[PDB]
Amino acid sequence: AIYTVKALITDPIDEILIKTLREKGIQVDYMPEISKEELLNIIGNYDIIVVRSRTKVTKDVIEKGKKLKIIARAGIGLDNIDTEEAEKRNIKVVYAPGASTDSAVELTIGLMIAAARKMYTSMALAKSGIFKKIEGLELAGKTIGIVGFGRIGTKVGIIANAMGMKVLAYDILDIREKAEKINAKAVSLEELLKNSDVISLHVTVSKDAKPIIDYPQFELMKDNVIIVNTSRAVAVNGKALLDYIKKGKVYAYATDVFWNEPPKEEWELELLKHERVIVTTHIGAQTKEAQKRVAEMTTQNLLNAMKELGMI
């Protein structure tokens, strides 16, 4: 008989993906609020599982999914998927890598300027009917250090250069020529830290790895440095950060990511309430355009994987 391929969608997702699968005759079971327990009870009946972030595709879930051939994550990352277990089972894992680059780049520049100019303080004052001027720092002519020169880091550098800033970049990978191409200069982390007025973090690091910006790095920094982070909170030693903010060394820390969102620990709470700390609620990929690309890319990558498997 003819195989009837079955897909399970466990979280609320863009209708484009569901519509695309249904149009092609694929049996799609949309259970956006399926419980942990019920998932384990039925995962064994599916060839494809589509998840966003609420659902965790752990090792035990994959083991139970004896028919799983494709795991689709409608997102820009795979932190909720056991990629190692998936590979062992030879299960294709697809998602939307790089789908939000420009949106993250733009928020980075926005945070840098908001931090440098105390825009939040000014906007709050304005809304209250108090039009009192507030003084900040100019960026042109200053040096920015891009830590993590990938998709996002490279573009932030191109923009900062256009803003008249001198761009320095550090990456564990070879970026000598890539940096030169955008009028930037690849240097050691030490040189970047000692010479940057603004430091922007755009690295990919694991959750259990030690922070890249720790005590020694903070000590190497210039006085009144502005630090921007739209990558990962763990890349920074939060306690060291609070220490250096209280010492008056760090002019401002602008971030779209927090160790805990919302904060729960005492030191995290102290950072959040500090006037030198600027925080957005992890909206780096939150634009209509980026979210549409996430859906389209996840859908297209899923279709390609299905075609390679001979399903369509």
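In this text, residue numbers run from 1 along the sequence as written.
Visitor: Of 204-212 and 163-171, which one has the bigger average CA B-factor?
Guide: On average, C-alpha B-factors are higher across 204-212.
Visitor: On average, are the C-alpha B-factors higher in 244-252 or in 61-69?
Guide: Looking at the record's C-alpha B-factors, the answer is 61-69.
Visitor: Compare the CA B factors listed in the entry for 197, 219, 85, 138 and report the winner.
Guide: Comparing C-alpha B-factors across 197, 219, 85, 138, the top value belongs to 85.
Visitor: Among the choices 257, 43, 285, 277, identify the one whose CA B-factor in the record is greatest.
Guide: The listed residue with the largest C-alpha B-factor is 43.
Visitor: Looking at the entry's B-factor column for C-alpha atoms only, identify whether residue 122 ranks in the lowest, middle or highest third of its chain.
Guide: Tercile = lowest for this residue's CA B-factor.
Visitor: So where's residue 102 on the chain's Cα temperature factor ranking, which third?
Guide: Lowest third - that is where residue 102 ends up once the chain's C-alpha B-factors are sorted.
Visitor: Consider only the C-alpha atoms of the modelled residues in this chain, order them by B-factor as the entry records it, and name the third containing residue 296: lowest, middle or highest.
Guide: Middle third.
Visitor: Within this chain, which third does the Cα B-factor at residue 77 fall in: lowest, middle or highest?
Guide: As the PDB entry reports it, the C-alpha B-factor of residue 77 lands in the highest third of its chain.
Visitor: By the record's CA B-factor, is residue 176 among the lowest, middle or highest third of residues in the chain?
Guide: It belongs to the highest third of the chain when residues are ordered by C-alpha B-factor.
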